[PDB]
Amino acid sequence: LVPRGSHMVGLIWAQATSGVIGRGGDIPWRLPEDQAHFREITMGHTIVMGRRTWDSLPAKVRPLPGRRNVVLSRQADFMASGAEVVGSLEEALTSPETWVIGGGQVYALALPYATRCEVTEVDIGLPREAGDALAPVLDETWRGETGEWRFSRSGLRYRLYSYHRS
């Protein structure tokens, strides 16, 4: 339904209400429904991530299956078995559809080129702390849909946002 020849760049992240997305090299909650949602949006596309986000993935689950994994690093010799390692976004965004999957630093690099954001908001009270990874703050050029709150099996509630721009 989209004519060929374009390069869609999307950002996808899950945040606490505060904007925190990462802490102690991990995501500070677990939400299997967000894992399923993440897999559904990114499946079959290129995924780009920072080196710390690659490191945050358990060895037994990376590279993420069904997707072209791209890792951004300033270390040319970085070992990312099953993934491409790139030194800038200049050649990371060549696929028809690329999803930037974190973390805090890489969202900021890629935001200027993005036309979709898929956000999971988790209703957990985590005030920002020194060294937290934080979500980008979208400006007024973004528009989109806010989903209904839903309870996960753990009792945490969450909701999905789908943002778009030209």
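Heads up: residue numbers just count along the shown sequence, starting at 1. Between two forms, the rigid core is defined as the largest C-alpha subset superposing within 1.5 Å.
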query: Stretch with greater C-alpha deviation in 9 other deposited structures of this protein, 51-59 versus 24-32 (rigid core superposition); finding: 24-32
query: Divergent stretch in 9 other deposited structures of this protein, 147-155 or 12-20 [C-alpha RMS, superposed by the core]; finding: 147-155
query: Higher-scoring stretch by recorded Cα B factor average, 34-42 or 51-59; finding: 51-59
query: Mean C-alpha temperature factor, higher of 111-119 and 127-135; finding: 127-135
query: Out of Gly147, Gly22, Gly19, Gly10, residue topping the C-alpha B-factor column of the entry; finding: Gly147
query: Third assignment of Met79 from its chain's C-alpha B-factors; finding: highest
query: Assigned third (lowest, middle, highest) for the C-alpha B factor of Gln105; finding: middle
